[PDB]
file run-v1.txt (compact mmCIF, N, CA, C and O atoms)
# COMPACT_ATOMS: atom_id res chain seq x y z
N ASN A 97 -10.70 -37.18 -13.17
CA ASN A 97 -11.01 -38.36 -13.96
C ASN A 97 -10.88 -39.63 -13.13
O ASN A 97 -11.66 -40.57 -13.31
N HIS A 98 -9.93 -39.65 -12.19
CA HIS A 98 -9.86 -40.77 -11.26
C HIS A 98 -11.12 -40.86 -10.40
O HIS A 98 -11.68 -41.95 -10.21
N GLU A 99 -11.58 -39.71 -9.90
CA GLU A 99 -12.78 -39.71 -9.06
C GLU A 99 -14.02 -40.14 -9.83
O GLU A 99 -14.85 -40.90 -9.32
N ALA A 100 -14.13 -39.69 -11.08
CA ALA A 100 -15.26 -40.10 -11.91
C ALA A 100 -15.21 -41.58 -12.23
O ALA A 100 -16.25 -42.25 -12.32
N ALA A 101 -13.99 -42.13 -12.36
CA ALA A 101 -13.84 -43.56 -12.62
C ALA A 101 -14.32 -44.39 -11.44
O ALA A 101 -15.06 -45.36 -11.62
N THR A 102 -13.93 -44.01 -10.22
CA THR A 102 -14.37 -44.77 -9.05
C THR A 102 -15.87 -44.63 -8.82
O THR A 102 -16.53 -45.58 -8.39
N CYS A 103 -16.43 -43.45 -9.13
CA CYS A 103 -17.88 -43.28 -8.97
C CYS A 103 -18.66 -44.15 -9.94
O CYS A 103 -19.65 -44.79 -9.56
N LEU A 104 -18.20 -44.21 -11.20
CA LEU A 104 -18.82 -45.09 -12.17
C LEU A 104 -18.70 -46.54 -11.76
O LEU A 104 -19.65 -47.32 -11.91
N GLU A 105 -17.56 -46.91 -11.17
CA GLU A 105 -17.37 -48.28 -10.70
C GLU A 105 -18.34 -48.64 -9.59
O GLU A 105 -18.87 -49.76 -9.56
N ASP A 106 -18.61 -47.70 -8.69
CA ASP A 106 -19.53 -47.97 -7.58
C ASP A 106 -20.95 -48.18 -8.07
O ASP A 106 -21.65 -49.10 -7.62
N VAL A 107 -21.40 -47.34 -9.01
CA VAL A 107 -22.76 -47.50 -9.51
C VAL A 107 -22.90 -48.80 -10.31
O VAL A 107 -23.92 -49.50 -10.22
N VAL A 108 -21.83 -49.19 -11.02
CA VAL A 108 -21.85 -50.45 -11.75
C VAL A 108 -21.90 -51.63 -10.78
O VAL A 108 -22.60 -52.62 -11.03
N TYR A 109 -21.21 -51.52 -9.65
CA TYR A 109 -21.22 -52.60 -8.66
C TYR A 109 -22.61 -52.80 -8.06
O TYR A 109 -23.06 -53.95 -7.92
N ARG A 110 -23.28 -51.71 -7.70
CA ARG A 110 -24.64 -51.82 -7.17
C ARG A 110 -25.59 -52.43 -8.20
O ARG A 110 -26.40 -53.32 -7.86
N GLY A 111 -25.48 -52.00 -9.46
CA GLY A 111 -26.32 -52.57 -10.50
C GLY A 111 -26.04 -54.04 -10.74
O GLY A 111 -26.96 -54.82 -11.01
N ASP A 112 -24.78 -54.44 -10.61
CA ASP A 112 -24.41 -55.83 -10.84
C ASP A 112 -24.99 -56.73 -9.76
O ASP A 112 -25.48 -57.83 -10.05
N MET A 113 -24.94 -56.28 -8.50
CA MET A 113 -25.51 -57.06 -7.41
C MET A 113 -27.02 -57.21 -7.58
O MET A 113 -27.56 -58.32 -7.43
N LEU A 114 -27.70 -56.12 -7.92
CA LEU A 114 -29.14 -56.18 -8.11
C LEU A 114 -29.51 -57.09 -9.28
O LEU A 114 -30.49 -57.85 -9.20
N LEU A 115 -28.69 -57.08 -10.33
CA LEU A 115 -28.97 -57.92 -11.49
C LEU A 115 -28.79 -59.39 -11.18
O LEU A 115 -29.58 -60.23 -11.64
N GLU A 116 -27.76 -59.72 -10.42
CA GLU A 116 -27.54 -61.12 -10.08
C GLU A 116 -28.65 -61.65 -9.17
O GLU A 116 -29.10 -62.80 -9.33
N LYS A 117 -29.16 -60.79 -8.28
CA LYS A 117 -30.26 -61.21 -7.42
C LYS A 117 -31.54 -61.46 -8.21
O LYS A 117 -32.20 -62.50 -8.03
N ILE A 118 -31.91 -60.54 -9.11
CA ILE A 118 -33.16 -60.72 -9.86
C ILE A 118 -33.02 -61.88 -10.84
O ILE A 118 -33.99 -62.63 -11.09
N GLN A 119 -31.81 -62.11 -11.34
CA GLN A 119 -31.57 -63.22 -12.25
C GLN A 119 -31.76 -64.56 -11.55
O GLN A 119 -32.43 -65.45 -12.09
N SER A 120 -31.21 -64.69 -10.34
CA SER A 120 -31.37 -65.93 -9.59
C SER A 120 -32.82 -66.16 -9.18
O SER A 120 -33.29 -67.30 -9.18
N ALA A 121 -33.53 -65.08 -8.85
CA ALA A 121 -34.94 -65.20 -8.52
C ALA A 121 -35.75 -65.71 -9.70
O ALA A 121 -36.60 -66.60 -9.54
N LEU A 122 -35.47 -65.19 -10.90
CA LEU A 122 -36.21 -65.62 -12.07
C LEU A 122 -35.88 -67.07 -12.42
O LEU A 122 -36.75 -67.83 -12.86
N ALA A 123 -34.63 -67.47 -12.18
CA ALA A 123 -34.25 -68.86 -12.40
C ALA A 123 -34.98 -69.79 -11.45
O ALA A 123 -35.39 -70.89 -11.84
N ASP A 124 -35.19 -69.36 -10.20
CA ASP A 124 -35.91 -70.21 -9.25
C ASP A 124 -37.38 -70.33 -9.61
O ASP A 124 -37.98 -71.40 -9.44
N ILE A 125 -37.99 -69.23 -10.09
CA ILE A 125 -39.37 -69.30 -10.57
C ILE A 125 -39.49 -70.27 -11.73
O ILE A 125 -40.44 -71.08 -11.79
N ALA A 126 -38.52 -70.24 -12.64
CA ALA A 126 -38.57 -71.14 -13.79
C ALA A 126 -38.38 -72.59 -13.37
O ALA A 126 -39.04 -73.48 -13.92
N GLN A 127 -37.52 -72.83 -12.37
CA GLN A 127 -37.32 -74.19 -11.88
C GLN A 127 -38.58 -74.74 -11.22
O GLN A 127 -38.94 -75.90 -11.42
N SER A 128 -39.27 -73.90 -10.45
CA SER A 128 -40.50 -74.33 -9.81
C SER A 128 -41.59 -74.61 -10.83
O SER A 128 -42.33 -75.60 -10.71
N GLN A 129 -41.71 -73.75 -11.84
CA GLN A 129 -42.76 -73.93 -12.83
C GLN A 129 -42.50 -75.16 -13.69
O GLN A 129 -43.43 -75.83 -14.13
N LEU A 130 -41.22 -75.49 -13.94
CA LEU A 130 -40.95 -76.70 -14.70
C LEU A 130 -41.13 -77.94 -13.84
O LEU A 130 -41.50 -79.01 -14.34
N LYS A 131 -40.87 -77.83 -12.53
CA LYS A 131 -41.01 -78.99 -11.66
C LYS A 131 -42.47 -79.32 -11.40
O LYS A 131 -42.82 -80.50 -11.23
N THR A 132 -43.33 -78.31 -11.35
CA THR A 132 -44.77 -78.58 -11.22
C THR A 132 -45.31 -79.27 -12.46
O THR A 132 -46.09 -80.22 -12.35
N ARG A 133 -44.90 -78.80 -13.64
CA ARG A 133 -45.17 -79.42 -14.94
C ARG A 133 -46.66 -79.61 -15.25
O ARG A 133 -47.22 -80.68 -15.01
N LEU B 157 -31.04 -47.73 -13.41
CA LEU B 157 -31.08 -48.49 -12.17
C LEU B 157 -32.33 -48.14 -11.38
O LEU B 157 -33.09 -49.04 -11.00
N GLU B 158 -32.63 -46.83 -11.32
CA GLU B 158 -33.80 -46.36 -10.59
C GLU B 158 -35.07 -46.92 -11.20
O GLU B 158 -35.91 -47.48 -10.47
N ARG B 159 -35.13 -46.92 -12.53
CA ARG B 159 -36.33 -47.40 -13.20
C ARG B 159 -36.52 -48.87 -12.94
O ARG B 159 -37.62 -49.30 -12.55
N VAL B 160 -35.41 -49.63 -12.97
CA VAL B 160 -35.49 -51.07 -12.74
C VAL B 160 -35.98 -51.34 -11.34
O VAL B 160 -36.91 -52.13 -11.15
N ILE B 161 -35.50 -50.53 -10.38
CA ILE B 161 -35.88 -50.71 -8.99
C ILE B 161 -37.37 -50.49 -8.83
O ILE B 161 -38.08 -51.38 -8.34
N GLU B 162 -37.88 -49.39 -9.40
CA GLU B 162 -39.28 -49.10 -9.17
C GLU B 162 -40.14 -50.07 -9.95
O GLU B 162 -41.21 -50.46 -9.48
N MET B 163 -39.59 -50.57 -11.07
CA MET B 163 -40.30 -51.58 -11.85
C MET B 163 -40.50 -52.82 -11.01
O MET B 163 -41.64 -53.23 -10.78
N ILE B 164 -39.41 -53.28 -10.37
CA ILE B 164 -39.47 -54.45 -9.50
C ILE B 164 -40.45 -54.20 -8.37
O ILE B 164 -41.35 -55.02 -8.13
N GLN B 165 -40.43 -52.96 -7.85
CA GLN B 165 -41.26 -52.59 -6.72
C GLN B 165 -42.73 -52.71 -7.07
O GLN B 165 -43.49 -53.37 -6.35
N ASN B 166 -43.12 -52.20 -8.24
CA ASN B 166 -44.55 -52.19 -8.54
C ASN B 166 -45.02 -53.59 -8.87
O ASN B 166 -46.15 -53.96 -8.54
N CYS B 167 -44.12 -54.42 -9.40
CA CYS B 167 -44.49 -55.80 -9.65
C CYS B 167 -44.61 -56.54 -8.34
O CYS B 167 -45.54 -57.34 -8.16
N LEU B 168 -43.73 -56.22 -7.39
CA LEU B 168 -43.92 -56.74 -6.05
C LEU B 168 -45.17 -56.16 -5.43
O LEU B 168 -45.92 -56.87 -4.77
N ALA B 169 -45.49 -54.90 -5.77
CA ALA B 169 -46.72 -54.30 -5.29
C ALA B 169 -47.94 -54.95 -5.92
O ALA B 169 -49.06 -54.82 -5.42
N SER B 170 -47.74 -55.66 -7.03
CA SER B 170 -48.86 -56.36 -7.64
C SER B 170 -49.10 -57.71 -6.99
O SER B 170 -50.21 -58.25 -7.06
N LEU B 171 -48.07 -58.30 -6.37
CA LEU B 171 -48.16 -59.74 -6.12
C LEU B 171 -48.95 -60.11 -4.86
O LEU B 171 -49.75 -61.06 -4.94
N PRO B 172 -48.80 -59.45 -3.69
CA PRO B 172 -49.79 -59.65 -2.61
C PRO B 172 -51.21 -59.26 -2.98
O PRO B 172 -52.16 -59.77 -2.37
N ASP B 173 -51.39 -58.35 -3.94
CA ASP B 173 -52.73 -58.04 -4.42
C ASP B 173 -53.31 -59.19 -5.23
O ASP B 173 -54.53 -59.29 -5.40
N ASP B 174 -52.45 -60.08 -5.74
CA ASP B 174 -52.93 -61.36 -6.23
C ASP B 174 -53.11 -62.34 -5.08
O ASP B 174 -53.97 -63.23 -5.14
N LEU B 175 -52.32 -62.19 -4.03
CA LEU B 175 -52.42 -63.07 -2.86
C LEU B 175 -53.45 -62.56 -1.85
O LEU B 175 -53.50 -63.03 -0.72
N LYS C 99 -81.37 -95.22 -16.10
CA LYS C 99 -80.11 -95.67 -15.51
C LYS C 99 -78.94 -95.31 -16.40
O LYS C 99 -77.85 -94.98 -15.91
N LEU C 100 -79.12 -95.38 -17.72
CA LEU C 100 -78.08 -94.92 -18.63
C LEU C 100 -77.82 -93.42 -18.45
O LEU C 100 -76.66 -92.97 -18.37
N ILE C 101 -78.90 -92.64 -18.34
CA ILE C 101 -78.79 -91.20 -18.11
C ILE C 101 -78.11 -90.90 -16.77
O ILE C 101 -77.41 -89.89 -16.61
N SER C 102 -78.26 -91.80 -15.80
CA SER C 102 -77.49 -91.63 -14.57
C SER C 102 -76.13 -92.32 -14.63
O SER C 102 -75.41 -92.32 -13.63
N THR C 103 -75.79 -92.98 -15.74
CA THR C 103 -74.39 -93.34 -15.96
C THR C 103 -73.64 -92.25 -16.70
O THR C 103 -72.42 -92.35 -16.90
N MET C 104 -74.35 -91.21 -17.15
CA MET C 104 -73.72 -90.10 -17.92
C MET C 104 -72.87 -89.18 -17.02
O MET C 104 -71.71 -88.94 -17.41
N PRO C 105 -73.35 -88.68 -15.85
CA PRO C 105 -72.63 -87.72 -15.01
C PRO C 105 -71.26 -87.17 -15.43
O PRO C 105 -71.23 -86.08 -15.98
N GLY C 106 -70.17 -87.89 -15.16
CA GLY C 106 -68.86 -87.34 -15.43
C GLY C 106 -67.69 -87.94 -14.68
O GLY C 106 -66.60 -87.36 -14.69
N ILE C 107 -67.88 -89.09 -14.04
CA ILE C 107 -66.83 -89.77 -13.30
C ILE C 107 -66.53 -91.09 -14.00
O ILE C 107 -67.46 -91.80 -14.43
N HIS C 108 -65.26 -91.39 -14.19
CA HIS C 108 -64.87 -92.61 -14.87
C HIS C 108 -63.72 -93.34 -14.20
O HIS C 108 -63.66 -94.57 -14.29
N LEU C 109 -62.83 -92.63 -13.54
CA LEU C 109 -61.69 -93.27 -12.91
C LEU C 109 -62.14 -94.01 -11.66
O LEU C 109 -63.23 -93.79 -11.13
N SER C 110 -61.29 -94.92 -11.21
CA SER C 110 -61.48 -95.55 -9.92
C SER C 110 -61.30 -94.51 -8.82
O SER C 110 -60.63 -93.50 -9.02
N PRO C 111 -61.92 -94.71 -7.64
CA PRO C 111 -61.83 -93.68 -6.59
C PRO C 111 -60.43 -93.51 -6.03
O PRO C 111 -60.11 -92.44 -5.47
N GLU C 112 -59.58 -94.53 -6.16
CA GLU C 112 -58.16 -94.36 -5.86
C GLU C 112 -57.52 -93.31 -6.76
O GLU C 112 -56.73 -92.49 -6.30
N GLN C 113 -57.90 -93.30 -8.04
CA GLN C 113 -57.33 -92.34 -8.98
C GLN C 113 -57.88 -90.95 -8.72
O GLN C 113 -57.17 -89.94 -8.89
N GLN C 114 -59.13 -90.86 -8.26
CA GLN C 114 -59.69 -89.59 -7.81
C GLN C 114 -58.93 -89.07 -6.60
O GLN C 114 -58.65 -87.86 -6.51
N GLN C 115 -58.57 -89.96 -5.67
CA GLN C 115 -57.80 -89.56 -4.50
C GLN C 115 -56.41 -89.07 -4.88
O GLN C 115 -55.92 -88.07 -4.33
N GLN C 116 -55.76 -89.77 -5.82
CA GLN C 116 -54.44 -89.35 -6.30
C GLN C 116 -54.50 -87.97 -6.94
O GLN C 116 -53.64 -87.12 -6.67
N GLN C 117 -55.51 -87.74 -7.78
CA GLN C 117 -55.65 -86.44 -8.44
C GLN C 117 -55.90 -85.33 -7.43
O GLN C 117 -55.32 -84.24 -7.53
N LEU C 118 -56.74 -85.61 -6.42
CA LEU C 118 -57.07 -84.60 -5.43
C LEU C 118 -55.85 -84.24 -4.59
O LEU C 118 -55.58 -83.06 -4.33
N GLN C 119 -55.06 -85.26 -4.21
CA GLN C 119 -53.86 -85.00 -3.41
C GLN C 119 -52.80 -84.24 -4.21
O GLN C 119 -52.17 -83.32 -3.67
N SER C 120 -52.62 -84.60 -5.48
CA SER C 120 -51.63 -83.92 -6.31
C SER C 120 -52.02 -82.47 -6.54
O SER C 120 -51.16 -81.57 -6.49
N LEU C 121 -53.30 -82.20 -6.74
CA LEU C 121 -53.73 -80.83 -6.98
C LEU C 121 -53.66 -80.00 -5.70
O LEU C 121 -53.36 -78.80 -5.75
N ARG C 122 -53.90 -80.63 -4.54
CA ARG C 122 -53.72 -79.94 -3.27
C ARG C 122 -52.27 -79.54 -3.06
O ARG C 122 -51.98 -78.41 -2.64
N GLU C 123 -51.34 -80.45 -3.37
CA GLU C 123 -49.92 -80.13 -3.25
C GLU C 123 -49.51 -79.03 -4.22
O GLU C 123 -48.68 -78.18 -3.88
N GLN C 124 -50.11 -79.02 -5.42
CA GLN C 124 -49.81 -77.98 -6.40
C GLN C 124 -50.22 -76.60 -5.90
O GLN C 124 -49.44 -75.64 -6.00
N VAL C 125 -51.43 -76.48 -5.36
CA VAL C 125 -51.89 -75.18 -4.86
C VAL C 125 -51.06 -74.75 -3.66
O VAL C 125 -50.73 -73.55 -3.52
N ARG C 126 -50.65 -75.71 -2.82
CA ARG C 126 -49.80 -75.38 -1.68
C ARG C 126 -48.46 -74.80 -2.13
O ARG C 126 -48.05 -73.73 -1.67
N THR C 127 -47.78 -75.49 -3.06
CA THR C 127 -46.44 -75.04 -3.44
C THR C 127 -46.49 -73.74 -4.23
O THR C 127 -45.61 -72.89 -4.07
N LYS C 128 -47.54 -73.53 -5.03
CA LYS C 128 -47.64 -72.28 -5.77
C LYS C 128 -47.92 -71.11 -4.83
O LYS C 128 -47.33 -70.03 -5.00
N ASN C 129 -48.76 -71.32 -3.82
CA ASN C 129 -49.00 -70.26 -2.85
C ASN C 129 -47.75 -69.98 -2.03
O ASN C 129 -47.48 -68.83 -1.67
N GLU C 130 -46.95 -71.02 -1.77
CA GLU C 130 -45.73 -70.82 -0.99
C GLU C 130 -44.69 -70.04 -1.78
O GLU C 130 -44.01 -69.18 -1.23
N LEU C 131 -44.57 -70.33 -3.08
CA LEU C 131 -43.65 -69.58 -3.93
C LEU C 131 -44.06 -68.12 -4.05
O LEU C 131 -43.22 -67.21 -3.95
N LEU C 132 -45.36 -67.88 -4.27
CA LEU C 132 -45.83 -66.52 -4.40
C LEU C 132 -45.70 -65.76 -3.09
O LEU C 132 -45.43 -64.56 -3.08
N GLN C 133 -45.80 -66.47 -1.96
CA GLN C 133 -45.58 -65.81 -0.68
C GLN C 133 -44.11 -65.52 -0.45
O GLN C 133 -43.76 -64.50 0.17
N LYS C 134 -43.22 -66.40 -0.94
CA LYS C 134 -41.78 -66.15 -0.87
C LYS C 134 -41.42 -64.89 -1.62
O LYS C 134 -40.65 -64.06 -1.13
N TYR C 135 -41.99 -64.70 -2.80
CA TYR C 135 -41.65 -63.51 -3.56
C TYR C 135 -42.46 -62.30 -3.11
O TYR C 135 -42.11 -61.16 -3.44
N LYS C 136 -43.54 -62.53 -2.36
CA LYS C 136 -44.17 -61.43 -1.64
C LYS C 136 -43.24 -60.88 -0.58
O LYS C 136 -43.07 -59.67 -0.45
N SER C 137 -42.63 -61.77 0.19
CA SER C 137 -41.78 -61.36 1.30
C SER C 137 -40.40 -60.90 0.85
O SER C 137 -39.84 -59.99 1.47
N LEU C 138 -39.84 -61.49 -0.21
CA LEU C 138 -38.46 -61.24 -0.60
C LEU C 138 -38.39 -60.02 -1.51
O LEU C 138 -39.07 -59.96 -2.54
N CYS C 139 -37.56 -59.06 -1.12
CA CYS C 139 -37.15 -57.97 -1.99
C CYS C 139 -35.67 -58.18 -2.29
O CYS C 139 -34.86 -58.23 -1.36
N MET C 140 -35.33 -58.33 -3.57
CA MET C 140 -33.93 -58.44 -3.96
C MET C 140 -33.18 -57.15 -3.66
O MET C 140 -32.10 -57.17 -3.06
N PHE C 141 -33.76 -56.02 -4.03
CA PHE C 141 -33.31 -54.72 -3.58
C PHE C 141 -33.61 -54.54 -2.10
O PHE C 141 -34.36 -55.32 -1.49
N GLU C 142 -33.05 -53.50 -1.52
CA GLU C 142 -33.30 -53.22 -0.12
C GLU C 142 -34.66 -52.57 0.06
O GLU C 142 -35.68 -53.25 0.05
call {"tool": "encode", "arguments": {"input": "run-v1.txt", "output": "structure tokens"}}
result
Amino acid sequence: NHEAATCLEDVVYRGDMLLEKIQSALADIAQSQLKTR
Amino acid sequence: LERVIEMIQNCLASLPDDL
Amino acid sequence: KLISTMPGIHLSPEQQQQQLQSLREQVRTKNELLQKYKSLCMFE
């Protein structure tokens, strides 16, 4: 159960990094589209 | 996670085809 | 002469120049953003 806990934590960490990257990218697209206006 | 990755990939695969 | 006043231009040529420059900058920045996301992969 300890090993399964650390494995779940690792997959959650990879997903969290990918989510923060795509989130910031979408925010930058929205900033550019609003600045062009 | 895998689905999201390939989703991002194909959308990126769409974008130079617009460029 | 009235029929040749019909065409489609009304602004002063300075305003035509402003519009042309602004639209050139718009196409430049949009192509640059799309090229940025062409090159950038958030994933590996």
call {"tool": "residues_around", "arguments": {"input": "run-v1.txt", "residues": "stretch 158-174 of chain B", "least_positions_apart": "3", "cutoff": "6 Å", "atoms": "all atoms listed in the file", "output": "MDAnalysis selection string"}}
result
chainID C and resid 132 135:136
call {"tool": "closest_residue", "arguments": {"input": "run-v1.txt", "among": "A:114, A:101, A:122, A:109", "to": "chain C", "atoms": "only N, CA, C and O atoms"}}
result
A:114
call {"tool": "closest_residue", "arguments": {"input": "run-v1.txt", "among": "C:119, C:113, C:124, C:129", "to": "residue B:175", "atoms": "only N, CA, C and O atoms"}}
result
C:129
call {"tool": "select_by_dssp", "arguments": {"input": "run-v1.txt", "residues": "chain C", "states": "helix (DSSP H, G or I)", "output": "list in words"}}
result
residues 111, 112, 113, 114, 115, 116, 117, 118, 119, 120, 121, 122, 123, 124, 125, 126, 127, 128, 129, 130, 131, 132, 133, 134, 135, 136 and 137 of chain C
call {"tool": "atom_distance", "arguments": {"input": "run-v1.txt", "atom1": "atom N of residue A:105", "atom2": "atom O of residue C:139"}}
result
22.9 Å
call {"tool": "interface_residues", "arguments": {"input": "run-v1.txt", "of": "chain A", "to": "chain B", "cutoff": "12 Å", "atoms": "only C-alpha atoms", "output": "PyMOL selection string"}}
result
chain A and resi 107-115+117-118+121-122
call {"tool": "closest_atom_pairs", "arguments": {"input": "run-v1.txt", "of": "chain C", "to": "chain A", "cutoff": "8 Å", "atoms": "all atoms listed in the file", "output": "CSV"}}
result
residue,atom,partner,partner_atom,distance
C:120,O,A:132,O,7.9
C:124,CA,A:132,CA,7.0
C:127,O,A:128,CA,7.8
C:128,CA,A:128,O,8.0
C:131,CA,A:125,CA,7.9
C:139,C,A:117,C,7.9
C:140,CA,A:117,C,5.7
C:141,N,A:114,CA,6.2
call {"tool": "atom_distance", "arguments": {"input": "run-v1.txt", "atom1": "atom CA of residue A:127", "atom2": "atom O of residue C:130"}}
result
13.5 Å
call {"tool": "atom_distance", "arguments": {"input": "run-v1.txt", "atom1": "atom C of residue A:131", "atom2": "atom O of residue C:123"}}
result
9.8 Å
call {"tool": "axis_aligned_box", "arguments": {"input": "run-v1.txt", "around": "stretch 123-142 of chain C", "padding_each_side": "5 Å", "output": "JSON"}}
result
{"center_x": -42.0, "center_y": -66.5, "center_z": -2.5, "size_x": 29.8, "size_y": 37.9, "size_z": 17.9}
call {"tool": "decode", "arguments": {"input": "run-v1.txt", "residues": "stretch 157-170 of chain B", "atoms": "N, CA and C atoms", "output": "mmCIF file, in the first residue's frame"}}
result
data_model
loop_
_atom_site.group_PDB
_atom_site.id
_atom_site.type_symbol
_atom_site.label_atom_id
_atom_site.label_comp_id
_atom_site.auth_asym_id
_atom_site.auth_seq_id
_atom_site.Cartn_x
_atom_site.Cartn_y
_atom_site.Cartn_z
ATOM 1 N N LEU B 157 -4.486 10.901 -18.724
ATOM 2 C CA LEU B 157 -3.283 11.658 -19.026
ATOM 3 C C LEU B 157 -2.853 11.410 -20.455
ATOM 4 N N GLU B 158 -2.892 10.130 -20.866
ATOM 5 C CA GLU B 158 -2.501 9.749 -22.217
ATOM 6 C C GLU B 158 -3.402 10.410 -23.232
ATOM 7 N N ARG B 159 -4.709 10.411 -22.948
ATOM 8 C CA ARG B 159 -5.655 10.977 -23.892
ATOM 9 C C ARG B 159 -5.423 12.465 -24.032
ATOM 10 N N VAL B 160 -5.152 13.134 -22.903
ATOM 11 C CA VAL B 160 -4.935 14.572 -22.929
ATOM 12 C C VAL B 160 -3.700 14.885 -23.741
ATOM 13 N N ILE B 161 -2.661 14.046 -23.585
ATOM 14 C CA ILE B 161 -1.410 14.254 -24.302
ATOM 15 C C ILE B 161 -1.647 14.152 -25.791
ATOM 16 N N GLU B 162 -2.355 13.097 -26.219
ATOM 17 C CA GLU B 162 -2.497 12.913 -27.655
ATOM 18 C C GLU B 162 -3.454 13.948 -28.202
ATOM 19 N N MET B 163 -4.390 14.400 -27.349
ATOM 20 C CA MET B 163 -5.300 15.458 -27.754
ATOM 21 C C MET B 163 -4.521 16.711 -28.065
ATOM 22 N N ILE B 164 -3.616 17.090 -27.147
ATOM 23 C CA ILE B 164 -2.770 18.262 -27.339
ATOM 24 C C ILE B 164 -1.939 18.093 -28.595
ATOM 25 N N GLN B 165 -1.453 16.858 -28.805
ATOM 26 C CA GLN B 165 -0.580 16.557 -29.924
ATOM 27 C C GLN B 165 -1.292 16.785 -31.245
ATOM 28 N N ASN B 166 -2.540 16.302 -31.353
ATOM 29 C CA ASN B 166 -3.194 16.402 -32.650
ATOM 30 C C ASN B 166 -3.611 17.835 -32.917
ATOM 31 N N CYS B 167 -3.879 18.590 -31.843
ATOM 32 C CA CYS B 167 -4.190 19.997 -32.030
ATOM 33 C C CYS B 167 -2.940 20.746 -32.436
ATOM 34 N N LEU B 168 -1.800 20.362 -31.860
ATOM 35 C CA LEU B 168 -0.542 20.902 -32.345
ATOM 36 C C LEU B 168 -0.283 20.417 -33.755
ATOM 37 N N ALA B 169 -0.717 19.193 -34.068
ATOM 38 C CA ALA B 169 -0.577 18.686 -35.429
ATOM 39 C C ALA B 169 -1.493 19.429 -36.389
ATOM 40 N N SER B 170 -2.501 20.118 -35.857
ATOM 41 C CA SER B 170 -3.371 20.900 -36.722
ATOM 42 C C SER B 170 -2.775 22.269 -37.017
#
